[PDB]
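Student: Generate coordinates for the sequence data below:
(2 chains)
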Number of protein chains: 2
Amino acid sequence: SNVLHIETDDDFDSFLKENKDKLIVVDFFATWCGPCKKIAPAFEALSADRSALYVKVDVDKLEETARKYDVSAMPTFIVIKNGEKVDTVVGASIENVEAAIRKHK
Amino acid sequence: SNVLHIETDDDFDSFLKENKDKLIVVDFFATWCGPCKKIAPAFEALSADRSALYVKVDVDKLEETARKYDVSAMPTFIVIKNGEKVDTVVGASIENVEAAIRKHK
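Tutor: Numbers count the residues shown, from 1 in each chain, chains lettered A, B, ... in the order given. See the structure here:
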């Protein structure tokens, strides 16, 4: 897979700054969340798409990043383009994630 | 918001299992509840307190958890200390929530 695992808010911020010219899809998840785990393999498969970066982030480890993107329900997928949040998908819908990524390619 | 939105009964069970060591306040709401809305803002403000955990649950999405904590009216706030129900607060009085929080803190 090409999923990037980022473990701290500081690491996330560095990652964004290094990739201001990329389309980025971030799966915000929580360890206690069942639907997050169920969709995790589909997110892994999605990441074979080299035209975007796919990142997975634990909301308990990246509290400030989650707060920044107004994440409140799990999983939430954030699409970032040229450094800015351009879309949000709430809930474990692989179809909704595909549609959102397509919208912003 | 430091307020988590939990959306299935299993997720709630898992969340509780990860936080046997904390004091937790659960806001049982309904999508329709007028008084639920009136108090949501105050509940968010309350969660600025990092000591305890503050959670929002839709009584319609979590029937078994509601049944388990004997929640029969909305809004209802359930205080859970060290993995067990220790108090119940019914109605949109934030002060009564805080009183019940700082009673088992």
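
Student: was I right about residue A:69 contacting residue A:79?
Tutor: No: at 10.3 Å, residue A:69 does not count as touching residue A:79 under the criterion of Cβ atoms under 8 Å. C-beta: built from backbone N, CA, C; applies to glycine.

Student: Looking at these two, which one has more neighbours?
Tutor: Taking neighbours as other Cβ atoms under 10 Å in any protein chain shown, residue A:69 and residue A:79 compare with residue A:79 leading, 20 against 16.

Student: Can you name the residues that contact that one?
Tutor: Residue A:79 makes contacts with A:23, A:24, A:25, A:26, A:85, A:86, A:87, A:88, A:89, A:100, A:101, A:104, as judged by Cβ atoms under 8 Å, 6 or more residues apart in numbering or on different chains.

Student: neighbour-wise, which of those leads?
Tutor: Neighbour max across those (other Cβ under 10 Å) = residue A:26, 27 neighbours.

Student: Assign that residue to helix, strand or coil.
Tutor: State at residue A:26, reduced to three classes by DSSP: H, G, I helix; E, B strand; the rest coil: strand.

Student: The residue sitting nearest the centre point of chain A and residue B:53, how far apart?
Tutor: Centroid-nearest residue in chain A, with Cα atoms, centre = their mean: residue A:26, separated by 0.9 Å. Distance of residue A:26 to residue B:53, computed by Cβ to Cβ, to the nearest Å: 24 Å.

Student: same thing with residue A:47?
Tutor: Counting by Cβ to Cβ, the gap from residue A:47 to residue B:53 is 32 Å.

Student: Specify the beta-bridge partners of the closest residue to residue A:53 other than its chain neighbours.
Tutor: Leaving aside its chain neighbours, residue A:53 sits nearest to residue A:24 (4.8 Å; criterion: Cβ to Cβ, 6 or more residues apart in numbering or on different chains). Note on residue A:24: beta-bridge partners residue A:53, residue A:80, judged by DSSP bridges.

Student: try residue A:3
Tutor: Beta-bridge partners of residue A:3, as defined by DSSP bridges: residue A:54.

Student: residues in contact with it?
Tutor: If you count contacts by Cβ under 8 Å, 6+ apart, then residue A:3 has A:43, A:44, A:47, A:54, A:55, A:56 around it.

Student: same thing but 6 Å
Tutor: A:44, A:47, A:54, A:56 (Cβ atoms under 6 Å, 6 or more residues apart in numbering or on different chains).

Student: Tell me the buried residues within those.
Tutor: With burial judged by 16 or more other Cβ atoms under 10 Å in any protein chain shown, the buried subset of the contacts of residue A:3 is A:47, A:54, A:56.
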